[PDB]
Amino acid sequence: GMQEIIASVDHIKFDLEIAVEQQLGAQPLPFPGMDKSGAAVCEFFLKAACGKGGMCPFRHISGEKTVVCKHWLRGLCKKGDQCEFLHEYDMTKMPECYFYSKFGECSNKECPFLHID
Amino acid sequence: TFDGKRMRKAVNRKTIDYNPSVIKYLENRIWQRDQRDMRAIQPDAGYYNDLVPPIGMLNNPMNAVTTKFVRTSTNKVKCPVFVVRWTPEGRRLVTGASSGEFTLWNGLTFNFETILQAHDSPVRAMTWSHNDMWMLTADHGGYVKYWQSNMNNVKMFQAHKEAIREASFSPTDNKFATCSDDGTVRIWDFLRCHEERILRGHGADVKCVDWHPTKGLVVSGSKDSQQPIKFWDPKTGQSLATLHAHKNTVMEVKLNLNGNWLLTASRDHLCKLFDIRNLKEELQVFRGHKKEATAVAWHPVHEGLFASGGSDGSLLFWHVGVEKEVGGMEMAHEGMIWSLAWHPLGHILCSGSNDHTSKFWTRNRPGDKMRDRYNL
Amino acid sequence: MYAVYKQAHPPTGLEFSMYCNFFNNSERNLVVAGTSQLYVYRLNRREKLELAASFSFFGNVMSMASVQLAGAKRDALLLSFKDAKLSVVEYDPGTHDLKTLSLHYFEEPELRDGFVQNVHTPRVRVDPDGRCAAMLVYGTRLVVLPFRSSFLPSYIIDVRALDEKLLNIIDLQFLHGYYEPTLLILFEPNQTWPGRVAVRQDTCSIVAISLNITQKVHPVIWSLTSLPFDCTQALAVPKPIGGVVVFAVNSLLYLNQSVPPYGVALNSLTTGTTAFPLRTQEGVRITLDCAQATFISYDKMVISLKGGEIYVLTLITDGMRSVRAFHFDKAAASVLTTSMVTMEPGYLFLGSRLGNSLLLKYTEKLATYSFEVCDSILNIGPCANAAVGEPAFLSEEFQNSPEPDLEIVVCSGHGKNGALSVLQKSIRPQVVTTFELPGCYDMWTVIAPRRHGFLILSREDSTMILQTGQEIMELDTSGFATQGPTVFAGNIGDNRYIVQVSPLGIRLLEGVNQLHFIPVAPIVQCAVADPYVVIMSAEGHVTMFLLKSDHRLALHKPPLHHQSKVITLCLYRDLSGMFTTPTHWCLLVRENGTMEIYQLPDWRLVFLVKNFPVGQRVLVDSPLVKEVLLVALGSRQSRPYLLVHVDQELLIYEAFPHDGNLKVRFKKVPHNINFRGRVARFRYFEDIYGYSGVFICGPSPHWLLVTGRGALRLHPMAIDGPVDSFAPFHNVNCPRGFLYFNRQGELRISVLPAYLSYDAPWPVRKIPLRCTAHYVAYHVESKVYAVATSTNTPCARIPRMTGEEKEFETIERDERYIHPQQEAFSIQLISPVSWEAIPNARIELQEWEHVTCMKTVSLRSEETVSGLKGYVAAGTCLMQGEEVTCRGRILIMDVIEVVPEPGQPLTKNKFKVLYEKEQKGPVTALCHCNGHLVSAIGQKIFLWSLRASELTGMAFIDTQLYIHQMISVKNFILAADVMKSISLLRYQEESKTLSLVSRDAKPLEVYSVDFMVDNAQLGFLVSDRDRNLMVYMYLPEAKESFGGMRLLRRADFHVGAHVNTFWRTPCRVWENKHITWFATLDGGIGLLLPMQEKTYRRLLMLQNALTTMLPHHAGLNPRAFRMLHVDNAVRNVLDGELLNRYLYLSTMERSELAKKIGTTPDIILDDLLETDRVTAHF
RNA sequence: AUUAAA
Ligand SMILES: [Zn+2]
Ligand SMILES: [Zn+2]
Ligand SMILES: [Zn+2]
């Protein structure tokens, strides 16, 4: 069984696999205000130059960010590519809890923000 | 002031969680062909896990008569709520208020999430595109704003010199129509923010506008008694028809997603339904609003069921083909109900009234004695 | 882009059943229908239902009824099809198919009243006196068909236009004992639902409208208006008592026109919900919400409750026949039923879509009745989930086969009838031993003094004799003509003697010793049946031999006028007297192309077919046919079949009676078998593993099986390649086995595997679980199946949220209270070696925890030489109502090898729960992506990395309302939403980002999602609530997709059934294509095979020709049936069931259609047979 | 950090 065993696709190079790798049919992002933070990382921008500064539909990311974005988890990240906080799901990178650090002990033990003591 | 930096005791909030209903429906669909194979939910409190969402009970739209009060969501600003809209996946409720702010309430536990000063003038219109990307809002100052799911304003332009009452998207969302107090409907190109046509002929304030689900038709309602309802061709800009449907001030025009029905609410205390294929004769007339009928909302799942709001605060429920109201709450709000929004699963209804609060209504639990203030 | 749909397994599951005169007025028949299937059953007296006729429709039956028309020899069948279609059909003598008398369409937009979505199935009802039939259409239009050219023009009644404004019709039944056809309608003028009962209680009403056929007037008589809100079906009481019995969920009502209503309360749940006067029925605490009932005799009703319990309800009456009381008797429980009908008195059929439909026999006890199961019709239930795995018992001789050896395990049934079905398409022999015997090409096994004593081999110039017994050894002793080849060898008489024929002559054997030998162009083919021996020379000379007791073979030259050369022969004995005019028959084919049947003791012609080789659909009395065989099969060899081999093409005929000539005709039966020293391809066998049938040799060996059920079964056997010759073999070392050669010259001594049943469309083993089977997953390592099962227990507590922790309210009610059913979920371990559950390997979940998903996931690990490890992952949710927040758990289990418990070899396998932790939301879907676990938790999709025993969050993305299904290929995830649509997601490893590539913007209630794989094209196959199959493609450069952010559907197909599970296999032109298989919720298995554009266009012209130029059952339109959701459209999927009609046509019809569509029959046949060949898996 | 605790 195990479809991966009987019906393997590793030897097949799919068209959409080429399309996403070559950023195929990616129209420039209209309305320079928006950000599209749920988009893929621009692989063209990683290698060298994309040629679309802010007009690219895909994320032009930077490695200096260390703390995860609290608004991105809530789905309200307005900054987008100009966001200083990491759009990753690393729990170690979570910001420290405002209430545990200052207001003694946090109300809910289920909060994702880091507790220091 | 409130800034998310104040300690308070942990609260376990009231929830209307649709997940148990969906899971139960996912199990039933496996072995039940349709409603006739569905085992009956008993009117007892112990049958809490047999409930399914409205998609499960397609043959009985009476489930979605949501007269069970859940929660009242009021801002600390305490200003009238003019428009309520659900985020397309039902994650959040967004309310547009007279202060011009957007307030976001969690779709499961209906508590405050965030607030943002969206418009300078009262928010009159709020609509999401057919693709879930875009939320278009208009204000009393005549400005139209473009938003996304992250509530980031992207584009701003002034569509009308007077108050914009309602906006409606085309099926492909490439174009939309706005109605204003200047008396004209205007067709816009979404991507270029350019007005394609100006639609003139009502002669008074245009209070509502709707786009046909598939055809490319625009229906408008106005204060003008001579031209209460008009049909337009958004490409040519021409007036296809005029419908003398109401005596006074058609407040809402909603085209059913089936593409056949026009639902009109007016200040003459009447909601009327029309077949757009045969406009000369009026279909069912809905009577039962003691005061003016101000808001209507077709159910997302049940195509014949819709909720209606009144200027007295009454929230009534109607079905196509049924003469009388299938349900209602005469004192749902203390003030005129401005907008009604259904959750994408039509199990929760939200109402924003001229009173400074917004309320959430869910389906009645099987086996409960509806002796509360809103029922008996 | 292009594909062809084929069904590999016909749907199983019956929704309608009735007892009517299908064939003639002398006997009644059990007529049952399912999803696009019609079955006619006879009752053979142990009692067994044997199939008499089966028909397929291009549409799903929505309602079934029968009427006896004026001056008719049969009952016409009234079949209803989705939307507004009524088709009146009869059985046709002559051509053994159905005959469409009238087809009615009521599909006008005016009748729909502006409601585009149809939620009401069309329901046909028949007057008891046969005066008229009524079909309720769209819930508002009542179509009336008057009966007396047997039909009068129909008219439509708008029930809204009637008095009292019905407006919500629950049930409608014609009433007995009226001068005019009186239709009782149960309806809700004002509708309510359980939950608003406090403000709207008594909502149901009945009206009896008297239908005047001529004046077309229909006044209302006998209105009642305060019936309980939860009134389910109503049933019309027969003539003596009359009236109607109304089933309610919690109460039972008897209503009559004059008598005041009589009603009883079935449980204490009627108290605050019904103001109707109800009297507590004593000793019964039941519910009638989803119950099937039928009247046995009068004043007695058998009711099949939900849960399967059977009750006998008695209407207790006074002398003047007024119902004054109800009597309830609880008889034995049985299957979950969808329909019920009474056969001959004492017999009751329980039609079942969930579990096996079974025939019951009830007898009065020594008022009360006892029920026993006499027969059961196998039902692969609603196929919730399916798992592919490899069978454990493949013989060592087939281990080096290049194609994978694999089977299907299906979660079937529901509740008490929940089961696992093990499905194998092909038969796999269990080889006992192999003999390397080259040169010999044909075999014969004969019984000697009922084991087979001798095995006779024919070589090119010699004959080899093997004495089979305790040891199989060659006999060099005399008796058998080993000098040259043998044409045929068999048993003559009653197995007392052995008959051996060579080109030189015919030899009679007592065993090892020869009794006598008779010398006799060389003999090329011999036919032996009973004391009759017929041999044919190369030039067509025919002589017959007869056993005359002294025994001895006696020469009797047949009187035959050779206007044409005889090219093949057959002998047949008719045990069951279908061959009316133990009798003996000779079947003969001439060179001109004529087929002749002869009374065998004499030689008078009885049957004649003018153009036999062309393959006519029906053979009626008055090229190069190679082999012909008549065999009687079934119970006591009742139903005979004709087997013909012409031009590398197999065509096989069923025989049916039809009135000094033979009162029989032959009907062509469809199949998908292609045939692309005279050696017989058809080898009749009796009692191979207790099975009687014929083995077809050749490039595609097949098993033809007909049991007492009477259904033709065709099972392929291709694991050993083409089979040259075949013979039955009953031996001490080979009990009721068989014998065949491989093409390499290997002789196989084999037996049929015992764990499978071959009386189904596929070899199947059904494992009863007595509980609902939700998900099944195959674990490659440890080679076991994990099954997520749930069982129902009474609910005793109502969870509450008090703001601090969960607070449980104990349900305190009366003794007459029906407790709600609460599901308890378990994950079990099933061994393929012995399909019993593995002991002490069972995971029990929490009290309210529901398995929402369970899959086998390959997660990367550093243990094996590869990366992936292959665990079993389950997603759960605690279902505690709307008021309580739903949260879930992710369970990752490994099946490990351990030393088995002494005396329990099955206990070598055991769960190892590596991860079981509470998640921050409901876990609704699970998947794996490049060694990472992908979970839909609430309105987000998370991607996890599995550490030693911890799950590490890698990335997430915000998703739609409720993701109930995810499947991944490479680094792409296809997520299905319950209401919104499918979504396409990609994960980038270098930057831990999960993004949305594209999605379908339109709403869609998706059932399940898979992939369509081409050489480079990837399609997202989607199942829908409206029973549609959609293929979506990611086309960023296409204009219709705005920037690639819209997924575009590129192929559309309406399968008649819901699909919840998908799996794909490689094709057996097809370099990188994968066949996507699916199991339907109606018990069927279907295919979606990718196709080239040119072949698609050719077969599309063929499909249009077959749609236009061929009559179809019930007059239905094949093209309209496969249209999208109309029961926009992108017709790029061919209907292989329609394309199979080309194979069913005669050669002349095929050629005419090919010239009309401007192509070659050879080209069309090549395309069709290639599609059949590449999909020969399982 | 844009109201994380409304
Ligand atoms: Zn870029
Ligand atoms: Zn951010
Ligand atoms: Zn904290």
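What's counted below: heavy atoms across the whole structure, side chains too, no hydrogens, waters or symmetry copies. Protein chains get the first letters and strands the later ones, always in sequence-line order, with residue 1 at the start of each.
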**Study point:** Sugar-phosphate only, base, or nothing, as touched by A:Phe103 at under 4.0 Å among non-hydrogen atoms
**Key:** nothing
Revision key, fill the gap. Per atom distances to the A:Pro95 side chain, the nearest of D:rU3, D:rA5, D:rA1 is D:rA1
**Study point:** Among D:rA5, D:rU2, D:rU3, the one nearest A:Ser107 by side-chain distance
**Key:** D:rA5
Practice item. State which of D:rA1, D:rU2, D:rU3 makes the closest approach to the side chain of B:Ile115. Key: D:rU3
Review point. To the nearest angstrom, how far is A:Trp72 atom CH2 from D:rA4 atom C1'?
Key: 17 Å
**Study point:** A:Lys109 atom NZ, over 12 foreign heavy atoms within 6.0 Å
**Key:** no
Review point. To the side chain of B:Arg6, which of D:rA1, D:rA5, D:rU3 is closest?
Key: D:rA5
Revision key, fill the gap. Of the listed D:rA5, D:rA6, D:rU2, the closest approach to the A:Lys79 side chain comes from D:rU2
Review point. Under a 4.0 Å heavy-atom cut-off, which of residues 68-103 of chain B touch RNA chain D?
Key: B:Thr74, B:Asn75, B:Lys76
**Study point:** Value in whole Å for how far the P atom of D:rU2 lies from OH of A:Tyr98
**Key:** 15 Å
Study note, to complete from the structure: Testing D:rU2, D:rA6, D:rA5 for proximity to the side chain of A:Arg74, the answer is D:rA5
Point to revise | Side-chain donor/acceptor contact of A:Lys70 with base of D:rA4 under 3.5 Å | key: yes
**Study point:** 5' priority, RNA chain D, between B:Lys5 and A:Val67 [closest heavy atom]
**Key:** A:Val67
Review point. Contact class for A:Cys111 (heavy atom, under 4.0 Å): base, sugar-phosphate, or nothing?
Key: nothing
Revision key, fill the gap. Rounded to whole Å, the NZ-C1' distance (B:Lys14 to D:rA6) equals 17 Å
